[PDB]
Amino acid sequence: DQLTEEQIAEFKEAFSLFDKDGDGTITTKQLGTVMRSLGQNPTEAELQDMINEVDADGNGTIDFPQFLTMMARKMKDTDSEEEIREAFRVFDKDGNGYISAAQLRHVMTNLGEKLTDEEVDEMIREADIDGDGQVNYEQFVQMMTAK
Amino acid sequence: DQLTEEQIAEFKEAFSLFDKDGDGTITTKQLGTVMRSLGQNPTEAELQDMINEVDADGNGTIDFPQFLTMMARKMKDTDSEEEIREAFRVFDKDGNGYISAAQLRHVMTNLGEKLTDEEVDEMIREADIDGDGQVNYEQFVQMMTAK
Amino acid sequence: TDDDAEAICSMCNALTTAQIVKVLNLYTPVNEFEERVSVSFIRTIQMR
């Protein structure tokens, strides 16, 4: 694939953001954290897929070129924001564009991959969401996926 | 905001103090050192921005009138001790009022521009909390006040 | 969890125990993710 030089420099910068070990190669444990901080969202099951594919050697820290190749594959398929908007409007029932904060928190905590309650609480706190009054999902989706 | 005559005279005095060339002009690195030492703290990215704006084309080495002109177009009023304090609090990963020496050195070395280790050790020593390995942010801001 | 049971016992001041056990037993999972109340939870609430 094609990777621009500025992209490669940013990949080097992110490759040791939390390399407190000093090895210079980021571990698979925070690798998903690395991608999420880099603007692309890997699925946790997909994250385990990459971990199993790369950690066959058992090193525990992903090699840089392998990370670049998988990152290029990630940018090969980019999720559309409108898909997230469709999912959110599907979750809402009244069609008013507003969803209850408690209902969304419950859905996140229970269904599928569990989300720590602190993560959700920080999500409401940052996104100025009000617990008592339903908050429009469209503005929050736009601000989060400003891209 | 054009500079007053007294400030221009003080700026020329600083120029002379850094006029290692002695011909009334200084190099780009010397000019950036002047900018940083004057009290205003334009980022290394900002310093490069003004350097590329001048391009070192008017006189090869930046002269005093061009310095005055770029000041006229680059007043730095964004500096504020409270801004320093809030930026330090944001920088504090732990959030317990103490920024780890390891965290700050790792960030300076890797995150953003690459920073030399000697300088980082200089800041850790000047914080006088080198032994603890975790610099108190508040006292750091209190001597930032002079910076 | 039993901690959930204790938090329940904290917030069940007004309702009578029979009403409480009725309402908790007659809850049903309307959606997939939620799961039905386990009999041990009913027992813990009753003895508490």
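In terms of determination method and resolution, the entry is listed under cryo-EM at 4.78 Å.

**Student:** Just give me the short version of the packing of helix α6 (residues 101-110) of chain A against helix α7 (residues 117-126) of chain A, but keep the residues and values in it.
**Tutor:** All names here are of chain A. Remark: α6 packs on α7, axes separated minimally by 10 Å, with the N-to-C direction vectors making an angle of 150 degrees. Taken together, the axes of α6 and α7 are roughly antiparallel relative to one another. Viewed along their axes, α6 and α7 form a crossing whose handedness is right-handed. For the pair α6 and α7, contact is made by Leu-104, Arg-105 and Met-108 and by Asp-117, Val-120, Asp-121 and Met-123, respectively. Looking at the contact of α6 with α7 residue by residue, the classes come out as four nonpolar, no polar and three charged.

**Student:** Describe in detail the layout of surface pockets, supporting the description with residues and values.
**Tutor:** By rolling a water-sized probe across the atoms, one finds the places where empty space is left. In this model, the largest pocket occupies a volume close to 2,200 Å³. What lines the largest pocket is a set of 43 residues, and nearest its centre among them are A:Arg36, A:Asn41, A:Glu44, A:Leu115 and A:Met144. Elements with a minimum of two residues in the lining of the largest pocket: α3 (44-54), α4 (64-76), α5 (81-91), α6, α7 and α8 (137-144) of chain A. Along the lines of polarity and charge, the residues of the lining of the largest pocket split into 19 nonpolar, eight polar and 16 charged. Empty space within the second largest pocket amounts to approximately 1,600 Å³. Lining the second largest pocket are 37 residues; nearest its centre among them are B:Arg36, B:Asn41, B:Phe88, B:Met108 and B:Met144. Considering each element in turn, the lining of the second largest pocket owes the most residues, six residues, to helix α5 (residues 81-91) of chain B.

**Student:** With reference to specific residues and values, describe the pattern of salt bridges.
**Tutor:** Residue and element names in this part refer to chain A. Per the stated rule, a full pass over the model turns up 20 salt bridges over all chains. Of the charged contacts in the structure, one is a salt bridge between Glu-86 and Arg-89, with a shortest N-O distance of 3.7 Å. Residue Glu-86 and its partner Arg-89 are both found in helix α5; the two are separated by three residues, about one turn of the helix. Since its relative accessible area comes to 41%, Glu-86 is described here as partly exposed. Within this structure, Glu-82, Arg-85, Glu-86, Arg-89 and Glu-138 form a network of salt bridges that share partners.

Scoring rules and cut-offs
- Residues numbered from 1 in each chain as written, not as in the entry; some residues may be left out.
- Chains lettered and ligands numbered in written order.
- Part of a larger assembly, values for the part shown.
- Heavy atoms only, no water.
- Axes fitted to C-alpha atoms, helices over the stretch in contact; angles between N-to-C directions.
- Helix = DSSP H or I, 4+ residues; strand = E, 2+ residues; numbered from the N terminus.
- Parallel < 35°, antiparallel > 145°, perpendicular 65-115°, else oblique.
- Left-handed = near helix turned anticlockwise from the far one by under 90°.
- Contact = heavy atoms within 4.5 Å.
- Nonpolar A, V, L, I, M, F, W, Y, C, P; charged D, E, K, R; others polar.
- 1 Å grid on protein atoms, 1.4 Å probe; cavity = no way out; pocket = protein on both sides within 12 Å on 5 of 7 lines; lining within 4 Å.
- Points joined across faces, edges and corners; volume = space filled by probe spheres on them.
- Salt bridge = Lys/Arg side-chain N within 4 Å of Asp/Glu carboxyl O.
- Buried < 20%, exposed > 50% of the residue type's maximum accessible area, 1.4 Å probe, protein only.

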